[PDB]
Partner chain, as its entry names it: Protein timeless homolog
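So this first bit is one chain, no partners, the form deposited without the partner chain, shown in C-alpha cells.
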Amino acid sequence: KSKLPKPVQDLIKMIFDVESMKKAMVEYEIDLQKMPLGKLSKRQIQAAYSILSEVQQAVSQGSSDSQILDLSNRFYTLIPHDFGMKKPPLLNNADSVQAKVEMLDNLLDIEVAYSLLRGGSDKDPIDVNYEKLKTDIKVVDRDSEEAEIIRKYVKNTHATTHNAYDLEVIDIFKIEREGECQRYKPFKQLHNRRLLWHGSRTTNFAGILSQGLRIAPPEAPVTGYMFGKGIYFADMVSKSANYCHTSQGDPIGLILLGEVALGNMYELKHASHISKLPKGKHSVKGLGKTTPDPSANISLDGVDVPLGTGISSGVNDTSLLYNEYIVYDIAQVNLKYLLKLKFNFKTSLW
C-alpha cells in the first residue's frame, strides 16, 4: 500500500484516467470505434499537423478549391471524426484550422499520457504511476501563508466575463520536476520574472509533469496560434481555467502556477504568428483590455505575483480581453505549483 499523502494519491488517479482521455477525444468528435485510444500514434499526429500546415499554405498562397477539399478529406481520413448528420467542416479558413490545431495539441498530450500509463510495471500501482511523473509532489498546508496568497490570486483574478462558474481550491501542490531547476538556472538571472497560470485538461498533466510544458512540434502550423509557437500563460486565473475544459459533467480540474522569465516583453495587441523573437525581446505580452491592479502586486525572490483585481488597462484597440504571456524557449519556465480546482457552475443570473 502507498505511503504517499492522500491528496497526492487522488491526484495520481485523476491524471492517469483512461475514461477521461476517452471523454476528451469524444469532445473533439473523434470516432472511437474507428480510432480507439490504443491506436493513437505520434506519427499520425505529426502527419495531421503537416496537413493543417499545408492547408493553411494552400489557402494563403491561393490554391484551388479542389486542392483545399482534397486536403480536408486527407485530414479527416487520418483523424476519424463522427459528425452525426452535421456537415463536416471544410478546412478552408483560419478558424476551422485553429480548431483542429487545438484538438491535435490535446491528442498529442493524450498519446503521451496513454503511453506513460501503459508503460512500466503491472507494489502499489499509485506509487508505480507516481514515479512515471519524475516530479516531487508535496501537499501545501491549507493554513500556510503560501496557501493564503494562492487562494487570494485565484479569488482576485477571476475575470468578470468568466461568470459561468466560481472556482474553489481543493488542494495545492508544490512541484519540482526532475532537472528543471538546473534547466531554468540561466534564466533565474533574468529581470521581469512572473508567477503565471497555465490551464490544461487533467490527463495532459501526465505529459506536462513528465516532460514539462512544451512547444508545438515543427509540423504544427505557426498560424495555428495567435502568437505563434511558444508557451502560453495568463495572469487571470479564469482565462487559464477555461483551458481545463471542465463541465458540470466533470467539474474538477488542474491548473499550474509557473515562474516565467519574461525579460523584455514584446507588447502586442493583435495576432502575430511568429516562431522567433526580434533581437532585444525575450517574450510576448498580449495586451488585454483588463489587467491586474499593479498597486496590489507583490514580489518574492524577485518574482512578481500579479494578484490585484482586474482594472481597465490603457488599451481599447485590442483583440484580447485579458493579458497573455508567451515564451519561445522551454527553459524560460519553472513550474512551481499545481492546484486542484472545483469549478462550481452557477444556476442564477443574479
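Whichever C-alpha set is largest while still superposing within 1.5 Å between the two forms counts as the rigid core. Numbering follows the first chain given and starts at 1.
Although it is not shown, the form solved in complex with the partner chain is what the next lines describe.
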Proximity of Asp329 to the partner chain in the deposited bound form, heavy atoms at 4.5 Å: yes
Contact of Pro125 with the partner chain in the deposited bound form (heavy atom, 4.5 Å): no
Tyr243 within 4.5 Å of the partner chain in the deposited bound form, heavy atoms: no
Contact test in the deposited bound form: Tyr114 vs the partner chain, heavy atoms, 4.5 Å: no
Stretch in contact, per heavy atom within 4.5 angstroms of the partner chain in the deposited bound form, of 250-258, 182-190, 130-138, 144-152: 182-190
Listed residue that, although the partner chain is not shown, lies within 4.5 Å of it in the deposited bound form (heavy atoms), from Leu167, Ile175, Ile215, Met103: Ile215
Exceeds or equals 2 Å, Cα of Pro186 between this form and the one not shown, core fit: no
